[PDB]
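Below is final.pdb, holding PDB, C-alpha atoms and all ligand atoms.
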ATOM      1  CA  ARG Z   1     -16.785  43.822 -65.502
ATOM      2  CA  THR Z   2     -14.529  44.239 -68.559
ATOM      3  CA  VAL Z   3     -12.075  42.332 -70.834
ATOM      4  CA  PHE Z   4      -8.968  43.392 -72.773
ATOM      5  CA  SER Z   5      -9.325  41.496 -76.081
ATOM      6  CA  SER Z   6      -7.708  43.404 -79.010
ATOM      7  CA  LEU Z   7      -4.840  45.720 -79.983
ATOM      8  CA  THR Z   8      -4.096  48.717 -82.202
ATOM      9  CA  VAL Z   9      -0.427  49.403 -83.080
ATOM     10  CA  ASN Z  10       0.526  52.859 -84.484
ATOM     11  CA  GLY Z  11      -3.076  53.256 -85.710
ATOM     12  CA  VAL Z  12      -3.431  49.798 -87.325
ATOM     13  CA  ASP Z  13      -6.151  47.593 -85.826
ATOM     14  CA  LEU Z  14      -4.933  43.964 -85.590
ATOM     15  CA  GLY Z  15      -8.411  42.373 -85.217
ATOM     16  CA  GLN Z  16     -10.644  40.866 -82.515
ATOM     17  CA  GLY Z  17      -8.652  38.429 -80.318
ATOM     18  CA  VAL Z  18      -5.466  38.806 -82.372
ATOM     19  CA  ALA Z  19      -2.200  38.611 -80.345
ATOM     20  CA  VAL Z  20      -4.195  38.597 -77.027
ATOM     21  CA  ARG Z  21      -4.838  35.625 -74.712
ATOM     22  CA  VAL Z  22      -8.513  36.402 -74.198
ATOM     23  CA  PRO Z  23     -10.181  35.067 -71.022
ATOM     24  CA  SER Z  24     -13.520  33.309 -71.721
ATOM     25  CA  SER Z  25     -15.648  35.543 -69.447
ATOM     26  CA  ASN Z  26     -15.421  38.930 -67.879
ATOM     27  CA  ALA Z  27     -15.403  37.440 -64.326
ATOM     28  CA  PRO Z  28     -12.675  39.147 -62.195
ATOM     29  CA  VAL Z  29      -9.592  37.625 -60.693
ATOM     30  CA  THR Z  30      -9.854  38.228 -56.942
ATOM     31  CA  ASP Z  31      -6.871  36.281 -55.483
ATOM     32  CA  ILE Z  32      -3.613  38.271 -55.815
ATOM     33  CA  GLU Z  33      -1.628  35.155 -54.723
ATOM     34  CA  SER Z  34      -3.012  33.022 -57.595
ATOM     35  CA  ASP Z  35      -1.100  32.571 -60.888
ATOM     36  CA  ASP Z  36      -4.338  33.863 -62.403
ATOM     37  CA  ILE Z  37      -3.074  37.368 -61.348
ATOM     38  CA  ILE Z  38      -0.373  37.112 -64.071
ATOM     39  CA  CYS Z  39      -2.441  36.840 -67.326
ATOM     40  CA  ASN Z  40      -5.968  35.688 -66.148
ATOM     41  CA  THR Z  41      -7.275  32.212 -66.902
ATOM     42  CA  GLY Z  42      -9.526  30.086 -69.092
ATOM     43  CA  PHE Z  43      -8.503  31.433 -72.505
ATOM     44  CA  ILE Z  44     -10.639  31.228 -75.661
ATOM     45  CA  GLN Z  45      -9.160  28.408 -77.768
ATOM     46  CA  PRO Z  46      -7.326  28.158 -79.968
ATOM     47  CA  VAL Z  47      -5.108  30.899 -78.506
ATOM     48  CA  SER Z  48      -3.752  33.391 -81.083
ATOM     49  CA  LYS Z  49      -0.246  32.623 -82.345
ATOM     50  CA  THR Z  50       0.140  36.191 -83.642
ATOM     51  CA  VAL Z  51       2.927  38.201 -81.983
ATOM     52  CA  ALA Z  52       2.417  41.872 -82.848
ATOM     53  CA  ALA Z  53       5.514  43.707 -84.181
ATOM     54  CA  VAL Z  54       5.778  46.992 -82.225
ATOM     55  CA  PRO Z  55       8.652  49.472 -82.648
ATOM     56  CA  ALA Z  56      10.129  50.691 -79.363
ATOM     57  CA  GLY Z  57       8.570  54.171 -78.855
ATOM     58  CA  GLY Z  58       5.385  53.113 -80.748
ATOM     59  CA  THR Z  59       1.820  53.808 -79.634
ATOM     60  CA  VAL Z  60      -0.368  50.883 -78.584
ATOM     61  CA  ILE Z  61      -4.072  50.763 -77.745
ATOM     62  CA  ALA Z  62      -5.196  47.891 -75.535
ATOM     63  CA  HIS Z  63      -8.960  47.617 -76.200
ATOM     64  CA  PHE Z  64     -11.366  46.856 -73.326
ATOM     65  CA  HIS Z  65     -14.998  45.918 -73.805
ATOM     66  CA  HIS Z  66     -17.692  44.641 -71.477
ATOM     67  CA  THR Z  67     -17.419  41.009 -72.633
ATOM     68  CA  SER Z  68     -14.767  38.795 -74.227
ATOM     69  CA  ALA Z  69     -16.639  39.174 -77.601
ATOM     70  CA  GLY Z  70     -15.362  42.714 -78.139
ATOM     71  CA  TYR Z  71     -17.720  45.303 -79.606
ATOM     72  CA  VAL Z  72     -21.334  44.063 -79.992
ATOM     73  CA  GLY Z  73     -23.066  47.410 -80.141
ATOM     74  CA  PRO Z  74     -24.506  49.803 -77.530
ATOM     75  CA  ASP Z  75     -24.227  48.676 -73.913
ATOM     76  CA  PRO Z  76     -24.227  50.903 -70.791
ATOM     77  CA  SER Z  77     -21.478  48.739 -69.186
ATOM     78  CA  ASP Z  78     -19.252  48.802 -72.336
ATOM     79  CA  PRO Z  79     -16.368  49.176 -72.021
ATOM     80  CA  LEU Z  80     -16.868  48.835 -68.256
ATOM     81  CA  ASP Z  81     -19.429  49.621 -65.566
ATOM     82  CA  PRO Z  82     -18.728  53.343 -64.853
ATOM     83  CA  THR Z  83     -19.710  52.866 -61.142
ATOM     84  CA  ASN Z  84     -16.653  50.571 -60.861
ATOM     85  CA  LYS Z  85     -14.085  53.269 -59.876
ATOM     86  CA  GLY Z  86     -10.388  52.376 -59.928
ATOM     87  CA  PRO Z  87      -7.054  52.495 -61.804
ATOM     88  CA  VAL Z  88      -5.782  51.206 -65.152
ATOM     89  CA  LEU Z  89      -2.171  49.841 -65.417
ATOM     90  CA  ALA Z  90       0.152  48.423 -68.094
ATOM     91  CA  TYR Z  91       3.239  46.239 -67.622
ATOM     92  CA  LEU Z  92       5.785  44.478 -69.876
ATOM     93  CA  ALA Z  93       7.819  41.307 -69.204
ATOM     94  CA  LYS Z  94      10.616  39.977 -71.407
ATOM     95  CA  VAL Z  95       9.791  36.387 -72.420
ATOM     96  CA  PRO Z  96      11.719  33.824 -74.562
ATOM     97  CA  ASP Z  97       8.647  33.196 -76.758
ATOM     98  CA  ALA Z  98       5.545  35.428 -76.606
ATOM     99  CA  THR Z  99       3.391  32.356 -77.474
ATOM    100  CA  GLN Z 100       4.814  30.135 -74.644
ATOM    101  CA  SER Z 101       2.084  28.850 -72.306
ATOM    102  CA  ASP Z 102       4.036  29.148 -69.021
ATOM    103  CA  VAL Z 103       3.865  32.755 -67.713
ATOM    104  CA  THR Z 104       5.302  32.120 -64.234
ATOM    105  CA  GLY Z 105       8.688  33.496 -63.108
ATOM    106  CA  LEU Z 106       8.753  36.564 -65.365
ATOM    107  CA  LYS Z 107       9.940  40.031 -64.335
ATOM    108  CA  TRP Z 108       7.252  42.714 -64.890
ATOM    109  CA  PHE Z 109       8.003  46.448 -65.232
ATOM    110  CA  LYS Z 110       5.237  49.045 -65.228
ATOM    111  CA  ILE Z 111       5.127  51.330 -68.289
ATOM    112  CA  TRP Z 112       1.897  53.285 -67.687
ATOM    113  CA  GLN Z 113      -0.931  53.831 -65.182
ATOM    114  CA  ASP Z 114      -3.801  56.201 -64.512
ATOM    115  CA  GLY Z 115      -4.918  56.341 -60.862
ATOM    116  CA  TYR Z 116      -7.050  59.062 -59.275
ATOM    117  CA  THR Z 117      -7.017  62.858 -59.535
ATOM    118  CA  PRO Z 118      -8.486  64.270 -56.248
ATOM    119  CA  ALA Z 119      -9.214  67.779 -57.574
ATOM    120  CA  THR Z 120     -11.473  66.436 -60.367
ATOM    121  CA  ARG Z 121     -12.584  63.259 -58.544
ATOM    122  CA  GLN Z 122     -11.721  61.345 -61.790
ATOM    123  CA  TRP Z 123     -10.348  57.777 -61.881
ATOM    124  CA  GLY Z 124      -8.484  56.001 -64.681
ATOM    125  CA  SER Z 125     -11.626  53.853 -65.070
ATOM    126  CA  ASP Z 126     -13.607  57.004 -65.904
ATOM    127  CA  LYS Z 127     -11.063  58.031 -68.586
ATOM    128  CA  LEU Z 128     -11.092  54.461 -70.013
ATOM    129  CA  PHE Z 129     -14.918  54.613 -70.170
ATOM    130  CA  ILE Z 130     -14.794  58.049 -71.905
ATOM    131  CA  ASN Z 131     -12.227  56.686 -74.411
ATOM    132  CA  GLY Z 132     -14.468  53.750 -75.409
ATOM    133  CA  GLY Z 133     -12.184  51.203 -73.763
ATOM    134  CA  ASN Z 134      -9.084  52.545 -75.534
ATOM    135  CA  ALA Z 135      -6.157  52.275 -73.071
ATOM    136  CA  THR Z 136      -3.471  54.167 -74.988
ATOM    137  CA  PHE Z 137       0.252  54.287 -74.035
ATOM    138  CA  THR Z 138       3.703  54.215 -75.629
ATOM    139  CA  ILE Z 139       6.329  51.444 -75.515
ATOM    140  CA  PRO Z 140       9.568  52.921 -73.998
ATOM    141  CA  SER Z 141      11.983  53.702 -76.871
ATOM    142  CA  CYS Z 142      15.129  52.514 -75.062
ATOM    143  CA  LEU Z 143      14.120  48.857 -74.509
ATOM    144  CA  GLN Z 144      16.080  45.836 -75.733
ATOM    145  CA  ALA Z 145      14.332  44.389 -78.830
ATOM    146  CA  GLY Z 146      12.704  40.921 -78.531
ATOM    147  CA  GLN Z 147       9.561  39.049 -77.437
ATOM    148  CA  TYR Z 148       7.563  40.469 -74.502
ATOM    149  CA  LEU Z 149       4.155  39.967 -72.811
ATOM    150  CA  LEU Z 150       2.019  43.120 -72.323
ATOM    151  CA  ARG Z 151      -0.141  42.821 -69.166
ATOM    152  CA  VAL Z 152      -2.927  45.448 -69.177
ATOM    153  CA  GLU Z 153      -5.236  45.685 -66.158
ATOM    154  CA  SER Z 154      -8.450  47.460 -65.023
ATOM    155  CA  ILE Z 155      -9.100  47.261 -61.222
ATOM    156  CA  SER Z 156     -12.560  47.866 -59.742
ATOM    157  CA  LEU Z 157     -12.315  49.175 -56.147
ATOM    158  CA  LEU Z 158     -16.119  49.380 -55.638
ATOM    159  CA  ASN Z 159     -15.992  46.521 -53.067
ATOM    160  CA  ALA Z 160     -12.358  46.911 -51.981
ATOM    161  CA  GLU Z 161     -12.914  48.152 -48.370
ATOM    162  CA  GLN Z 162     -11.579  44.680 -47.290
ATOM    163  CA  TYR Z 163      -9.407  42.041 -49.015
ATOM    164  CA  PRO Z 164     -10.595  40.121 -50.906
ATOM    165  CA  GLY Z 165     -12.721  42.812 -52.625
ATOM    166  CA  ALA Z 166     -10.699  44.483 -55.390
ATOM    167  CA  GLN Z 167     -11.683  43.021 -58.794
ATOM    168  CA  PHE Z 168      -8.878  42.524 -61.349
ATOM    169  CA  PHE Z 169      -9.754  42.482 -65.066
ATOM    170  CA  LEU Z 170      -6.663  41.778 -67.162
ATOM    171  CA  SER Z 171      -5.192  40.056 -70.222
ATOM    172  CA  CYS Z 172      -1.739  39.601 -71.735
ATOM    173  CA  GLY Z 173      -0.889  40.783 -75.286
ATOM    174  CA  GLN Z 174       1.901  39.057 -77.296
ATOM    175  CA  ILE Z 175       4.380  41.521 -78.848
ATOM    176  CA  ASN Z 176       7.783  41.674 -80.554
ATOM    177  CA  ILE Z 177       9.513  44.970 -79.781
ATOM    178  CA  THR Z 178      11.604  46.098 -82.799
ATOM    179  CA  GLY Z 179      14.320  48.738 -82.985
ATOM    180  CA  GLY Z 180      14.931  50.066 -79.491
ATOM    181  CA  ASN Z 181      18.204  50.133 -77.613
ATOM    182  CA  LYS Z 182      19.723  47.953 -74.868
ATOM    183  CA  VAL Z 183      17.802  48.808 -71.663
ATOM    184  CA  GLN Z 184      16.575  45.788 -69.670
ATOM    185  CA  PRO Z 185      14.533  47.243 -66.742
ATOM    186  CA  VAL Z 186      14.301  45.739 -63.263
ATOM    187  CA  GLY Z 187      10.909  44.031 -62.806
ATOM    188  CA  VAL Z 188       8.706  42.642 -60.017
ATOM    189  CA  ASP Z 189       7.117  39.203 -59.543
ATOM    190  CA  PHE Z 190       3.526  38.203 -60.277
ATOM    191  CA  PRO Z 191       2.249  36.855 -58.039
ATOM    192  CA  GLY Z 192       4.052  38.826 -55.291
ATOM    193  CA  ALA Z 193       3.980  42.492 -56.417
ATOM    194  CA  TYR Z 194       0.468  42.998 -55.030
ATOM    195  CA  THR Z 195      -0.196  42.349 -51.316
ATOM    196  CA  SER Z 196      -3.215  42.680 -48.992
ATOM    197  CA  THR Z 197      -1.451  45.556 -47.117
ATOM    198  CA  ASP Z 198      -1.228  47.765 -50.253
ATOM    199  CA  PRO Z 199      -3.554  50.791 -49.865
ATOM    200  CA  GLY Z 200      -3.858  50.675 -53.682
ATOM    201  CA  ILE Z 201      -5.729  47.348 -53.301
ATOM    202  CA  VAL Z 202      -7.623  47.866 -50.027
ATOM    203  CA  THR Z 203      -9.489  51.177 -50.474
ATOM    204  CA  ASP Z 204     -12.925  52.553 -49.596
ATOM    205  CA  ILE Z 205     -13.805  54.676 -52.689
ATOM    206  CA  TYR Z 206     -16.335  56.668 -50.568
ATOM    207  CA  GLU Z 207     -13.532  57.597 -48.106
ATOM    208  CA  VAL Z 208     -10.752  58.328 -50.684
ATOM    209  CA  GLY Z 209      -8.764  61.579 -50.577
ATOM    210  CA  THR Z 210      -5.442  60.595 -52.186
ATOM    211  CA  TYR Z 211      -4.727  57.317 -54.038
ATOM    212  CA  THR Z 212      -1.641  55.535 -55.299
ATOM    213  CA  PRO Z 213      -2.104  52.492 -57.625
ATOM    214  CA  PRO Z 214      -0.580  49.202 -56.448
ATOM    215  CA  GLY Z 215       2.786  47.883 -57.599
ATOM    216  CA  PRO Z 216       6.128  49.473 -58.527
ATOM    217  CA  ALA Z 217       6.880  52.960 -59.832
ATOM    218  CA  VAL Z 218       6.403  53.526 -63.583
ATOM    219  CA  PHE Z 219       9.600  52.783 -65.569
ATOM    220  CA  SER Z 220      10.869  55.563 -67.839
ATOM    221  CA  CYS Z 221      13.958  55.684 -70.109
TER     222      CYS Z 221
HETATM  223  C1  LIG P   1     -10.645  53.697 -80.119
HETATM  224  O1  LIG P   1      -9.829  53.111 -81.091
HETATM  225  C2  LIG P   1     -10.591  52.583 -82.152
HETATM  226  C3  LIG P   1      -9.709  51.611 -82.933
HETATM  227  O2  LIG P   1      -8.620  52.314 -83.516
HETATM  228  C4  LIG P   1     -11.136  53.745 -82.962
HETATM  229  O3  LIG P   1     -11.940  53.237 -84.025
HETATM  230  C5  LIG P   1     -11.350  53.328 -85.340
HETATM  231  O4  LIG P   1     -11.495  54.657 -85.814
HETATM  232  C6  LIG P   1     -10.922  54.905 -87.100
HETATM  233  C7  LIG P   1     -11.026  56.393 -87.416
HETATM  234  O5  LIG P   1     -12.004  57.009 -86.565
HETATM  235  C8  LIG P   1     -11.636  54.054 -88.147
HETATM  236  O6  LIG P   1     -11.062  54.366 -89.431
HETATM  237  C9  LIG P   1     -11.519  52.568 -87.757
HETATM  238  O7  LIG P   1     -12.288  51.692 -88.604
HETATM  239  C10 LIG P   1     -11.991  52.337 -86.321
HETATM  240  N1  LIG P   1     -11.684  50.961 -85.948
HETATM  241  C11 LIG P   1     -12.607  50.000 -85.884
HETATM  242  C12 LIG P   1     -12.170  48.658 -85.360
HETATM  243  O8  LIG P   1     -13.762  50.181 -86.212
HETATM  244  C13 LIG P   1     -12.024  54.563 -82.047
HETATM  245  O9  LIG P   1     -12.416  55.802 -82.669
HETATM  246  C14 LIG P   1     -11.335  54.892 -80.739
HETATM  247  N2  LIG P   1     -12.361  55.395 -79.883
HETATM  248  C15 LIG P   1     -12.134  56.534 -79.269
HETATM  249  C16 LIG P   1     -13.305  57.102 -78.529
HETATM  250  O10 LIG P   1     -11.038  57.082 -79.338
HETATM  251  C1  LIG P   2       2.431  56.718 -81.066
HETATM  252  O1  LIG P   2       1.430  57.598 -81.576
HETATM  253  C2  LIG P   2       0.946  58.562 -80.634
HETATM  254  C3  LIG P   2      -0.160  59.403 -81.260
HETATM  255  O2  LIG P   2      -1.428  58.742 -81.141
HETATM  256  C4  LIG P   2       2.084  59.487 -80.210
HETATM  257  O3  LIG P   2       1.592  60.465 -79.272
HETATM  258  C5  LIG P   2       3.250  58.678 -79.647
HETATM  259  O4  LIG P   2       4.405  59.508 -79.504
HETATM  260  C6  LIG P   2       3.615  57.561 -80.612
HETATM  261  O5  LIG P   2       4.133  58.225 -81.755
END

Show me the file's structure as structure tokens.
Amino acid sequence: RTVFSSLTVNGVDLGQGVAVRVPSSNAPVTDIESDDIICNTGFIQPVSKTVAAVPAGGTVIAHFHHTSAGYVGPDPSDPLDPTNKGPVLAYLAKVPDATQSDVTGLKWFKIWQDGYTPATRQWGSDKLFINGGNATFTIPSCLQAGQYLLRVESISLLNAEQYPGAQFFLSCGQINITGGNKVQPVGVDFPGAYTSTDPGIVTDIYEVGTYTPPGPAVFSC
């Protein structure tokens, strides 16, 4: 189990819970047809009204830890339980106001993922564990400036040999992309993008040879 609960932007730490809608527990979302698949559920109140200014092309760290508290010292399952093999993914959606409570009917484009490397038997979850929960990626430099939600997701496939089984640990960050250009990428729906026929969601990790994470191709400028 794991929770995304803080951000670093171009090396500046914003603070625990700042500009992130932090779910109250580290319980997974398991229903890919639920609106809970968009940004999780049951947020710690009051929800942050910080919207992080991020230049297009800038480097962001989405911080995962075992619990919604963030870092509370040594813990063998911090940032996640290393037995929980699976991918890590990051998506953006353009939103009128990054503090708005309604997150339905947005168009999500994938900006980064780390799946599985067969030759080394290493999963994105392993890399995230090694990096102390630091999921690090860049914001595409060509994007239209404005308010966006940043959906960052860790999937455990330990029990994913049937659906339901995959465990989805995710949160949404609140950002304001500055600079940039005029590109407005095509996005997918949440719910909708993930289905029970996706081999990225139904997978036996003890029978895996090749692996493709669920959802659309990564967007690049
Ligand atoms: C993950 O990122 C964190 C947050 O940026 C890193 O911790 C910071 O490290 C710098 C320099 O080492 C310190 O000056 C900061 O005070 C740290 N931040 C906090 C909140 O304490 C951390 O090193 C990264 N972990 C890994 C393994 O890369
Ligand atoms: C943000 O910073 C990272 C370095 O941590 C760069 O690799 C990236 O190009 C962006 O400048």

**Request:** On this file, the PyMOL selection byres (((chain Z and resi 108) around 9) and not hetatm) gives some set of residues; write that set as number ranges by chain.
**Result:** Z: 91-94, 106-107, 109-110, 149, 151, 185-190

Could you turn the residues from that selection into a file that holds C-alpha atoms, as a PDB file, in the frame of the given file?
ATOM      1  CA  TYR Z  91       3.239  46.239 -67.622  1.00  0.00           C
ATOM      2  CA  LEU Z  92       5.785  44.478 -69.876  1.00  0.00           C
ATOM      3  CA  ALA Z  93       7.819  41.307 -69.204  1.00  0.00           C
ATOM      4  CA  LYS Z  94      10.616  39.977 -71.407  1.00  0.00           C
ATOM      5  CA  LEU Z 106       8.753  36.564 -65.365  1.00  0.00           C
ATOM      6  CA  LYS Z 107       9.940  40.031 -64.335  1.00  0.00           C
ATOM      7  CA  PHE Z 109       8.003  46.448 -65.232  1.00  0.00           C
ATOM      8  CA  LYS Z 110       5.237  49.045 -65.228  1.00  0.00           C
ATOM      9  CA  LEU Z 149       4.155  39.967 -72.811  1.00  0.00           C
ATOM     10  CA  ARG Z 151      -0.141  42.821 -69.166  1.00  0.00           C
ATOM     11  CA  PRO Z 185      14.533  47.243 -66.742  1.00  0.00           C
ATOM     12  CA  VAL Z 186      14.301  45.739 -63.263  1.00  0.00           C
ATOM     13  CA  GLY Z 187      10.909  44.031 -62.806  1.00  0.00           C
ATOM     14  CA  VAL Z 188       8.706  42.642 -60.017  1.00  0.00           C
ATOM     15  CA  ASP Z 189       7.117  39.203 -59.543  1.00  0.00           C
ATOM     16  CA  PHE Z 190       3.526  38.203 -60.277  1.00  0.00           C
TER      17      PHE Z 190
END

**Prompt:** Which residues sit within 12 Å of ligand LIG 2 (chain P), counting all atoms listed in the file, listed as a ChimeraX atom specification?
**Reply:** /Z:8-12,54-61,134-141

**Spatial neighbours of residue 167 in chain Z, 8 Å, all atoms listed in the file, chain gap at least 6 places, as a VMD selection string** = chain Z and resid 28 to 30 155 to 157 159 to 160

**Request:** Using the chain letters and numbers from the file, give me the residues hit by the PyMOL selection byres (((chain Z and resi 212) around 8) and not hetatm), as a PyMOL selection string.
**Result:** chain Z and resi 115-116+199-200+210-211+213-214

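With all atoms listed in the file as the basis for measurement, Z:62 is the residue among Z:53, Z:62, Z:90, Z:38 that approaches residue 132 in chain Z most closely.
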
Axis-aligned box for ligand LIG 1 (chain P), 4 Å per side, centre and edges in Å as lines of an AutoDock Vina configuration file:
center_x = -11.2
center_y = 52.9
center_z = -84.0
size_x = 13.1
size_y = 16.4
size_z = 18.9

**Request:** Mind giving me the straight-line distance from CA of residue 202 in chain Z to CA of residue 22 in chain Z in Å, one decimal?
**Result:**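 Rounded to one decimal, the two atoms are 26.8 Å apart.
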
**Item:** Distance query residue 163 in chain Z at most 10 Å, only C-alpha atoms, self and fewer than 5 positions along chain excluded, as a PyMOL selection string
**Value:** chain Z and resi 30-32+195-197+201-203

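CA of residue 99 in chain Z lies 28.9 Å from atom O6 of ligand LIG 1 (chain P).
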
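Considering the residues Z:111, Z:52, Z:208, Z:69 and counting only C-alpha atoms, residue 174 in chain Z has its shortest atom-to-atom contact with Z:52.
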